[PDB]
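Asker: Requesting a structural model of the entry that follows:
(2 chains)
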Number of protein chains: 2
Amino acid sequence: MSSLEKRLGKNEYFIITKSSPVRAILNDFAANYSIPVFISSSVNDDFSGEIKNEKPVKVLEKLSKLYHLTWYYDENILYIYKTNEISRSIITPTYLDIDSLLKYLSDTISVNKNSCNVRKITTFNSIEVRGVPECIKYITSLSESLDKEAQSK
Amino acid sequence: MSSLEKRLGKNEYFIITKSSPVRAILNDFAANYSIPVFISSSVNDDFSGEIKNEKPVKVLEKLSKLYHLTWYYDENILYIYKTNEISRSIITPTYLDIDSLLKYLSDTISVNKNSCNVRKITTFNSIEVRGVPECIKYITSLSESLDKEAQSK
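Answerer: Residues are numbered from 1 along each chain as shown, chains lettered A, B, ... in the order given. Below is the structure in question.
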């Protein structure tokens, strides 16, 4: 399975409430499973009722489908956003060729999922990153540094 | 001032409660100021009472001193941990000289504060990163990539 699913394990999740912010349900979930969590300020819905017998990965997928959420896990923190926070950004390094940049982005983070997708575009020496804000920021910072190292040689 | 202080601005903070988790006070603070926030699972204290007329930077420093917190802001998210989560980690690149690594770590993140401190140590081609977990992880990932780029040449 995924690293996130492998970390969440197989112990099922139980909660009940008459009304709590979804932020608080997500927080209490992640923390039950010992997984550091970030929740965007856009995740402002309310949750009511009960979950039981639910496998953790299924809890997260069902919360995400109903509330229109996309998550991004980088082995350290689970970042939870609204799906509407996904954007596109073009990265065009000056000193480093884009094929080599990919070879460094691809062996240290997912580059295929809807939460963080990287692909070469037609624009010369250019890639488009499509993902949640933490994805864009991290790939943009890494690329800038990699480009700065190529400029030194 | 700091980028964080510059972002928080000068509008003062007001809250009252008979009892809320400090996590919820920090969340409501950051969100009042439109600053994305991460709060570690270790920040499990309770808060009682009232804040008023308090300038935001002073709110954060006073909450941090009482509750033994250290924060780390990277221009995107404010990460809040317990000060006891600060650790030391040694980074020893294989292909890239440590002086050049610094020249790339230093122009894209703070390397001087108690929350994220980087310095050369005696161990050959080595630096010690002392900071909160997000700091160690980010500097370690960036270094690994920079080292992978140096190996290609």
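Asker: from here on, contacts and neighbour counts on C-alpha atoms
Answerer: Fine.
Asker: need the strands for chain A, in chain order.
Answerer: Using DSSP state E, the strands of chain A run over A:13-21, A:37-39, A:46-54, A:69-73, A:78-82, A:87-91, A:112-113, A:116-120, A:127-131.
Asker: What are the buried residues along stretch A:4-13?
Answerer: For stretch A:4-13, a neighbour-count test (16 or more other Cα atoms under 10 Å in any protein chain shown) marks A:4, A:8, A:12-13 as buried.
Asker: List of residues touching that stretch?
Answerer: Under the criterion Cα atoms under 8 Å, 6 or more residues apart in numbering or on different chains, residues A:29, A:33, A:35, A:51-57, A:59, A:73, A:75 lie in contact with stretch A:4-13.
Asker: mind giving me the domain split of chain A?
Answerer: Under the assignment curated CATH domains, the domains of chain A span A:1-85, A:86-153.
Asker: Out of these, which gets nearest to residue B:132?
Answerer: Closest to residue B:132 of these is domain A:1-85 (Cα to Cα; 12.3 Å).
Asker: Just the terminal-to-terminal distance for the closest one.
Answerer: Terminal residues of domain A:1-85 are spaced 26 Å apart (Cα to Cα, to the nearest Å).
Asker: before we move on, what about stretch A:36-55?
Answerer: End-to-end for stretch A:36-55, by Cα to Cα: 19 Å.
Asker: Show me the one of the strands of chain A that comes nearest residue B:47.
Answerer: Nearest of the strands of chain A (Cα to Cα): strand A:13-21, 19.1 Å.
Asker: residues in contact with residue A:18?
Answerer: By Cα under 8 Å, 6+ apart, the neighbours of residue A:18 are A:47-49.
Asker: tell me what the longest helix seen in chain A is packed against?
Answerer: Ranked by residue count and defined by DSSP state H, the top helix of chain A is helix A:133-152. If contacts are counted by 3 or more Cα pairs under 8 Å, 6 or more residues apart in numbering or on different chains; DSSP states H and E, helix A:133-152 sits against strand A:87-91, helix A:98-105, strand A:127-131, helix B:98-105, helix B:133-152.
Asker: Neighbouring strands - and their directions - for the third one?
Answerer: When you say that, I think you mean strand A:127-131. As defined by DSSP bridges, the strand partners of strand A:127-131 come to strand A:87-91 (antiparallel), strand A:116-120 (antiparallel).
Asker: what's in contact with the last one?
Answerer: Looking back up the chat, that one is strand A:116-120. With Cα under 8 Å, 6+ apart, strand A:116-120 has contacts from A:72, A:98, A:110-112, A:126-132, A:135-136.
Asker: Give the bridge partners for whatever residue of chain A ends up closest to chain B, please.
Answerer: As assessed by Cα to the nearest Cα, chain B sits closest to residue A:38 within chain A, at 5.1 Å. Beta bridges link residue A:38 to residue A:79, residue B:38, judged by DSSP bridges.
Asker: Report the contact partners of it.
Answerer: A:77-80, B:37-39 are the contacts of residue A:38 under Cα under 8 Å, 6+ apart.
Asker: Redo those residues as TSV? Include distance to residue B:92.
Answerer: TSV is the format used below for these (distance: Cα to Cα, whole Å):
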residue	distance to residue B:92
A:77	24
A:78	28
A:79	29
A:80	33
B:37	31
B:38	29
B:39	30
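Asker: Considering the contacts of stretch A:4-13, which is situated nearest to residue A:86?
Answerer: The closest of those, once distances to residue A:86 are taken by Cα to Cα, is residue A:73, at 14.7 Å.
Asker: Give me the neighbour count for that closest one.
Answerer: Residues near residue A:73, counting by other Cα atoms under 10 Å in any protein chain shown, number 22.
Asker: Touching, it and residue A:109? I think so.
Answerer: No. Using Cα atoms under 8 Å, residue A:73 is not in contact with residue A:109, being 9.1 Å away.
Asker: give the contact list for residue A:42.
Answerer: Residue A:42 sits next to A:81-82 when contact means Cα under 8 Å, 6+ apart.
Asker: Need phi/psi at it.
Answerer: phi -70, psi -20 (degrees, to the nearest 10).
Asker: ok, so what distance separates it from residue B:31?
Answerer: 10 Å.
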